[PDB]
Every structure is written in C-alpha cells, then in structure tokens.
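Below: one structure, written as structure tokens.
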Amino acid sequence: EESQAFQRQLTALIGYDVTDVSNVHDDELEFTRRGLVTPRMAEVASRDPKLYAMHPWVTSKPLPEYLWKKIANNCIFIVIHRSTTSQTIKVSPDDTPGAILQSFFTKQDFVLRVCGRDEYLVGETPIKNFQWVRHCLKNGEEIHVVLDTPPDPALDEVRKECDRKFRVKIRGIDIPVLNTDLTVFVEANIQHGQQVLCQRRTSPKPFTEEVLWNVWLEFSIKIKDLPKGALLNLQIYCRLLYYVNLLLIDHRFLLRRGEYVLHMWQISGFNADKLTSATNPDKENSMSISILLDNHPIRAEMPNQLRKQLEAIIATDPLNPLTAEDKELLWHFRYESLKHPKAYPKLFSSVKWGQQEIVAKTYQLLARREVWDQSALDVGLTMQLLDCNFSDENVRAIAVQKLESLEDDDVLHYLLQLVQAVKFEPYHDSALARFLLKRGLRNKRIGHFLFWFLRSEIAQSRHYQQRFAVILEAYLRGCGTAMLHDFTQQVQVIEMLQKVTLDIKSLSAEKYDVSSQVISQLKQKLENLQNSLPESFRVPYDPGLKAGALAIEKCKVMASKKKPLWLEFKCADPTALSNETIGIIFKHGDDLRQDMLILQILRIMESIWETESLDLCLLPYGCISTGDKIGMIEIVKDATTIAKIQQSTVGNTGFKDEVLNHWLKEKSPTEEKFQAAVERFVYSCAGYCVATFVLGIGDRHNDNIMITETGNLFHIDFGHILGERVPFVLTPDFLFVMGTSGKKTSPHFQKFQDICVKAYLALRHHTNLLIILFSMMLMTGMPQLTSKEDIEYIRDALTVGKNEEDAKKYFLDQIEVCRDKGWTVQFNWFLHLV
Ligand SMILES: Nc1cc(C(F)(F)F)c(-c2nc(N3CCOCC3)nc(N3CCOCC3)n2)cn1
C-alpha cells in the first residue's frame, strides 16, 4: 500500500497519472518508465552525497574583465557571522572555502552558508569561481556568510523500489458533430525529420459525420527502406483541419501492424505540436481516423573549385535552404564534409533517409566521426542537430554526446530549450531525455528547474504531457526524500494560491475596477490559508530563497487586465540580512511559457556579452508557468513603469522629456548615487534596445517598460500584452537622461551608441546560435508559427551576410529612426488603448 500512497504522491507532484492508459495505442510510455530506471539508479549511485546535499554553484569560466576591476587588491573580503559574533576576513580570489575556513579559525565540521539563502560555498573551487561571489562583485555588495553544519545526506536518501511496397488502408474518419457542406479527403505522408518521403491522397467525398473509403494507399517506398523514426502522418483537408501521426517503426524496432483508431488534433482558425506521436485525449469531442496496417526488420581528393563550392554552402546560415545540387555535393563528398563540424546539419539533411543503402552508408560515416568528437563544443551546432530536421537517433546522439561536456552552469543556461527540444524526439526514451535526467539528479539546482520546466508542459500541453510525465516521474524517484519534501511544499502553496487567484478573478470585473470588496475577499481567503499551508516553501524561480508566512497586510490585487495578486512573504531565514519581504506576482490569463522563453534568451544574451567582457545590466526576472495560463513572476523591488512616471507628473493621459530625470534624481540618495543611476540607465537601455531588436519585440508601450530607482531599466510582459513602426524604444525622456534633445550628441549618448554597436556585434558572432534558439522557441513556445516567414526575421536583423562596418552602420540607423520618431509611436499606443 505504501506503493499506492507513493504513486499517488507522485501523481500529485507531477499533475498527471503516468499509470493512466485511457489515451494510448501501445506500451511505449510504460516501456519508457522501465527503460529510465537504469539511468536513474546509475546516477543516484554515482553522485557524491555531500556534494549533492550542498550543491555549490560554480563556473570554470574566467572572471570577466569588468569584475577584476572591482578587485585589484588581489584580496576579497568575506564577513563571517555567528549569532552576534561577526568577524570580517579578507581573502584571495584563488582562496578555497576550506583554506579560508582554516584561515578564519586562525583568527572540522563547519561550512560557510550564504546569509539568508540555502547556498553553500564549498568544494575545491576558487572563491572567484562561485556565482554568488560573482553576483556580489557584480552588484557591489558584501559577501555575508554564516558558519553552520553541513546538511545531512541522509535526508537525500532514495526509497528502495521484406521487398514489398508499404501500404496502409484508410478505413474512414469519424466525428460526432458538424457549418456548410463541403468535400473532404485524407492525405497520408511518410515523414522523417520533416521531409516527406512519400505522399498519397484519397479521393474527395462529401463531408458527413462518418466517411469511409476503405482503400489501400500503396506507396513507392519499400518496407525495407523505412527508417527508424519515420512517421505516418495523416491529415484531413476540406484548408487543413486535422492531423495525427503514428510512428511506423515502434520502440522495439518493430514494424507497426494492425487496426488503429486515432483521435486527431484540430487546427485552430510549422510548430512542434504537429510532430507528436500522441493522440488527442478527447474521445468524446475528437475527430478520429480508422486505419489498417498489415505488413520485425533488421578517397579521391576533392578538386579545388568544388571545395570552394562546398565551403560557401557550409558558411550559410542554418536557415538557408539547400538545392538538389548542394545535397549531391555534400553527399558525394561526405568524407570531405565530415571534416567540417559546421557542415554536419547541412550534410545530414542531404541524406536520403528513405533508401536503406544510404542510411547504412551514413552510419558508417558516423563511425569515422573523429573530427566531430575532437571538436570544441559548439552549442549552435549541437542545438541544430536536436531540432525538427533530424529524426535519426544516431545523428541526434552525437549532439547529445557533445552536450555531455557541459558544466552545470552551462546546462542551467540552456536547460529550458533543451527540455523543449524533447518535443523533437521521435520516441519517449531518448539520449537527450536521459541526458536531462542525469543532470537533474546530479545537481539540485538543475533538478529543481528541470522539475518546474517539465511540470509546465505537463500541466498545459495535451500534446506532450504524457511523454513529459514519464520523464518527470523518473526524476522524482531519484532526487531524494528531501527534494520530494520540498517539492511537495511548493506544490501545495502554489496549488493553494492558484485557487485563491481563481476565486477572486471569478468575482472581478473586465474593466480596471479595484474595490475594498475585492481586497477584503482577497485577504479573507488568505486569512483562511494562512492558518494551516506549510510553514515554509522554496521560491520556484529562485531555489535558494525560503518563503515564510504571508504578510497579508502587504498583499493586494493588482489593477491589470486580469486580476493578478501581488503577494509579499516574510523570509523564513532568521539569518537573512533584512526585513524585506519576498514579493511574488501570481496570475491566471497569460501564457507564461512565452515569457519564460524570452527571459531565458535574455540570460543567454548576457552570457554571450560576458564572453566579450560586457555587462548590459539586463534584468531578466524570474518567471515560472505553473499550470494552464497560470504561474508566478518575481517582483523587482523599487521599480515602476515608465508610464506611471509620466502619469504622476503630466496629466493622467497623453508626454514630457524631462520627467524621467526628475524621477531619478529625486529617488537618488546622493549625487554619487544619482550619477550611478544614469550610468546604469545607459547600459540597460542599450541592452534592452539591442536584445529587443534582435528578437523583434522592440515596439512596445510604456506601461510595459520599467525602471528601478537605481536606474536599471527593463522590459516586462513578453509574449505580448499590447501589440508607423519603431525598431525599439529610444524615447525623448530616455535621450534626456543621457543628455540630449533634438539631433545633438552627448558624452553619454555617445556612450550609449558605441555600447549598442559593441553589443550588436557580439551577438552577430553567435548568429547561428541565436537563429536556432529563436526558431526553436517559435516552434515550441508559440501556438503555431508559419515556418519560413516568421523565423526569417532574425536574419534580417542579424544582418546576415554583411561585414561589421555595415552592421555597425545599420544599427546606428535604427537609432536615428528612433531619434526621428520621438513620441509618435508611443502616442498612438496610448490612443489604441484609449
Ligand atoms: N505576463 C506578464 C504579466 C504581468 C502582470 F502582472 F501584469 F499581469 C507582468 C508584470 N510584472 C510586474 N513586475 C515584475 C518585475 O518587478 C516589478 C513588478 N509588474 C507588472 N505591473 C502591472 C501594472 O502596474 C505596473 C506593475 N506586471 C509581467 N508579465
């Protein structure tokens, strides 16, 4: 029975009962639950308990130039606390936590914990190499450290537990309901990495609630020739309305045989949902298609001009399409191509996956894969091999093979996109899934995040939740009883909080109406909850923080188009430094997945900029989508919208240039501090300007841009909340802080535009990585996005194909257009929302 209680607890954590059989036509999921057990226990067993327990967060990257500046002493200062006792040691960047530890007693079961958060500075790592330290240098703060005992690893314990042609028969389609009368027909395709190897169509028939053809669609392709990972894709056109897929080769390497009745997905009035092997859970309202399967298996050197040809091909963007020529060139000279890792995606797209002799040659090629493994890891390339263009398990495994060399810091960087890329795997068990399982179980930070990212999908994607539940379930059985306990506390609060949010939204108006009625109602429910509700819970976007009791006094309902709750919690650490509450917004009615994808690319932009020694002061705040159209947002303290700043000085509606500067100086404690704010505004303004431009989310209304009293500017509410055009927002008030009016420069403005250029060129160095992240995010984070047209934006913006000077020129032009437009575009937004 312990087992039932435990599978039920798991079901509760996960949000889906992986033992559900109601929407399946085979045993792939179970098989996969079984398959993943090995990789779990292998990593549980493998992991160092003390290290798993304390999870030091580290990098092996260089300290950026900009941080060494903060320290030229060659000595850093760390404050060590014990109750009131509090010495203040100074140390060397190359010092180790131990050394410094022993060094401290010069003035053994003790360890240094960051004050107020469950973050531990430990292990054989130079202090400079701890992120928290870096974060502290980055923000000009003292490294406050208490000394306490190491957490007991005992709490991390794990519970002991044919040459025939291929054909298919289309029997008919069936729907319960149906506006006019029109013709309908069925299109069957065989697909491998979104390349259709063959296509057959039935004849049209009148569209009645049941339509039958009972036909054999015999394909040109041979059985022998079907590749593992191939999809039988079935679609109804009447305009395409419905789709479903079925893998032609099963998880055991066997050809599919028998009768299938598949409940289809409908197209709303390209994307990754379109490649799912899953069928629609909705049998009562779904369209179905009935089919029958009755058919288990298993040196000359390149001349000079031609290699010039090859090379040109390789240097093209990932979005460049390849001609029949390019493909032959790539494949006939494959042994040459194998020497250019940068060419592997293009080459593997030139393979005729529908000829078994070729696939066999391809695998051979994979054996002489020497240049590839030697290669310095390239995340652009690796990601490209994990997108919708490759269904081959061996090709994808090599990418995954390069991923193995990522340190945890880097895995945290790409974890969301890596998790999203599992939607591009043909089967539920895959090397990437195993990779992701391994690293979460290896590190608690990655685990924590892997937990929520997988739960995000499970809660809101009928198309991949089954696959993801199995992966999450596997993670849960190796994290340890401590993480389980923690996750349970998180799921309880958020599950709680979402209801409160739901009830209130359910009592509240479409218009901007807040009343004591509503707030009373807000506080009452909070009052109920407040009185058990777990004592403490870990903040999901920031696992170091422990959130304590509500400060119901400070909680309110926000005046936003939905009714987000503004909540403030006491910290649960007595070791913490301040009285400051932890502020979290909680909302239903936005799709946070989309916000989640952007802020992660923004974290990726920052890290790229760090490689080139730049810090553009982005503020990609925490955001998790916890369920369908619901999740949480971090509140950056001391922040207001640019629109409010206008409101409070100018009329409620309509726009003065001088206002933002007034606001900053008035908020500033001192001139020293005011001048720091201006400097921070300049960097962050540029950063948002370049980053936003590249992602094509530049044109924004004022209510959706924010600044802190410290001068840090940041955008909000991506994905998308309100909408002559502008590349980005560089308005007169912004110019004014920087010291300019009209077409006149300033030492600061000069500073702003050179930074923009420095920043933009840094990004174009990773043109390929960004194009692929961007295209991937559209496919897995938007509902649907029109393959070639939408993706293409990022090339024009990355100015693919030009040298640096032209690029530099181009971006300065964009700045001029912003200079040209003033308040024009802002004004029209006000009008659109008036
Ligand atoms: N998808 C979404 C949704 C929202 C929200 F909360 F408005 F619904 C937000 C949001 N996020 C915030 N933040 C987040 C960063 O820290 C400051 C507060 N503020 C707002 N405002 C609503 C109108 O008055 C100004 C404050 N909105 C972000 N992304």
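Residue numbers in this text run from 1 along the chain shown.
Header lists the method as X-ray crystallography, 2.7 Å.
Placed from the backbone N, Cα and C atoms, the Cβ positions cover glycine too.
Swiss-Prot lists region 'Catalytic loop' at one of the ranges 84-92, 588-596, 696-704, namely 696-704.
Swiss-Prot tags one of the stretches 480-486, 543-549, 557-563, 788-794 as region 'G-loop', and that stretch is 557-563. Within the same chain, residues 598, 641-643, 646, 689, 715-718, 720-723, 725-729, 793-794, 797, 825-826, 829-830, 833 sit at least 6 positions outside the region 'Catalytic loop' (696-704) and bring their C-beta atoms closer than 8 Å to a C-beta of that stretch. Per DSSP, the region 'G-loop' (557-563) is made up of 0 helix, 1 strand, 6 coil. Applying an 8 A CB threshold to same-chain residues 6+ apart, the list for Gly719 (ATP binding site) reads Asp590, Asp591, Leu592, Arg593, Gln594, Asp595, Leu597, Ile598, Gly781. Where the chain is interrupted between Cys238 and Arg239, 23 residues are left out of the deposited model, and the two C-alpha atoms stand 6 angstrom apart. Cα separation, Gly583 (ATP binding site) to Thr767 (phosphothreonine), rounded: 37 Å. The CA atom of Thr767 (phosphothreonine) is located 21 Å away from the CA atom of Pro620 (ATP binding site). Each residue of the region 'Catalytic loop' (696-704) gets a DSSP state, and the totals for helix, strand and coil are 3 helix, 0 strand, 6 coil. Distance between the Cα atoms of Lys107 and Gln108, which bracket 16 unmodelled residues, is 15 Å. Proximity to ligand 1 (Cβ under 6 Å from any of its atoms) holds for these binding-site residues out of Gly583, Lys587, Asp591, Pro620, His715: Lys587. Counting every protein chain shown, the number of other Cβ atoms lying within 10 Å of the Cβ of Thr767 (phosphothreonine) is 19.
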